[PDB]
Amino acid sequence: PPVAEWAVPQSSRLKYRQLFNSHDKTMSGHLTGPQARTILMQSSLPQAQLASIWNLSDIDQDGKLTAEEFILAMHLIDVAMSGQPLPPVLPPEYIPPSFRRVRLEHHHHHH
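Listed as the method for this PDB entry is solution NMR.

The PDB entry annotates the chain as Intersectin-1 of Homo sapiens. According to its PDB record, this entry is titled "Solution structure of protein ITSN1 from Homo sapiens. Northeast Structural Genomics Consortium target HR5524A".

The N-to-C vectors of helix α3 (residues 47–57) and helix α4 (residues 67–81) enclose an angle of 145 degrees; their axes lie 10 Å apart at closest approach. With respect to the hand of their crossing, α3 and α4 are arranged in right-handed fashion. In contact with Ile53, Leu56 and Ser57 of α3, α4 contributes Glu69, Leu72, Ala73, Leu76 and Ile77. When the residues that make up the contact of α3 with α4 are grouped by side-chain class, the tally is 6 nonpolar, 1 polar and 1 charged.

Turning our attention to the environment of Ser98. Looking at the secondary structure, you find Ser98 in the segment after α4. Here the alpha-carbon distance between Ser98 and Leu86, two residues 12 residues apart in the chain, equals 24 Å.

Let's shift gears to α3. Among the residues making up α3, those that are buried are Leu50, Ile53, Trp54, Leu56 and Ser57. Considered in projection along α3, the buried side chains sweep an arc of 165 degrees and stay on one side of the axis. Of the surrounding secondary structure, the elements contacted by the buried residues of α3 are α2 (33–41), β2 (64–66) and α4.

Reading the values: rules and limits
For each chain, numbering begins from 1 and proceeds through the sequence as written. The entry may number the same residues differently, and residues missing coordinates are not shown. With hydrogens and water set aside, each side-chain value is computed from the structure's full complement of heavy atoms. Lines fitted to C-alpha atoms define the axes, with helix axes restricted to the stretch in contact, and inter-axis angles between N-to-C directions lie between 0 and 180 degrees. Comment: elements are numbered from the N terminus, with helices defined as DSSP H or I runs of at least four residues and strands as E runs of at least two. For any helix crossing, the convention is left-handed if the near helix is rotated counterclockwise from the far helix by under a right angle, and right-handed if that rotation is clockwise. What makes two residues a contact is simply this: any of their non-hydrogen atoms within 4.5 Å. Residues are grouped as follows: nonpolar covers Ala, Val, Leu, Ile, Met, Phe, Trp, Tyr, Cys and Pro; charged covers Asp, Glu, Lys and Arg; every other residue, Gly included, is treated as polar. Three labels apply to residues, based on accessible area from a 1.4 Å probe with only protein chains included: buried if under 20% of the type maximum, exposed if over 50%, partly exposed otherwise in between. In this description, the arc belongs to the directions extending from the helix axis to the C-beta atoms.

This is the structure we're talking about:
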């Protein structure tokens with residue numbers, strides 16, 4: 001099947017991409033820390049878990065959640081809403097492409 005990438009359900013990802021989408025001026029392409037946290041706050045979940053989910057979501061700890069990162073974050077909120085336990089580490093199942101490898105360093109000289 002196509003669209004078999006990323007373990008978050010296609011209908012679900014569309015629903016979160018939408019909100020992202022409804023909150024973006026069709027130009028930002030990412031939400032800043034406060035912006036992301038504002039929507040996260042509307043879950044009525046504990047800040048302890050919110051900070052935990054944030055730390056889990058933001059893969060490079062930048063302070064910006066893109067559409068992919070937002071879908072990840074809210075999906076984790078959904079898990080917490082569902083009353084299901086959160087993992088100590090995030091699985092590659094829910095890690096978006098390109099963000100699965102980040103190395104801006106190459107210094108290796110032996111030959």
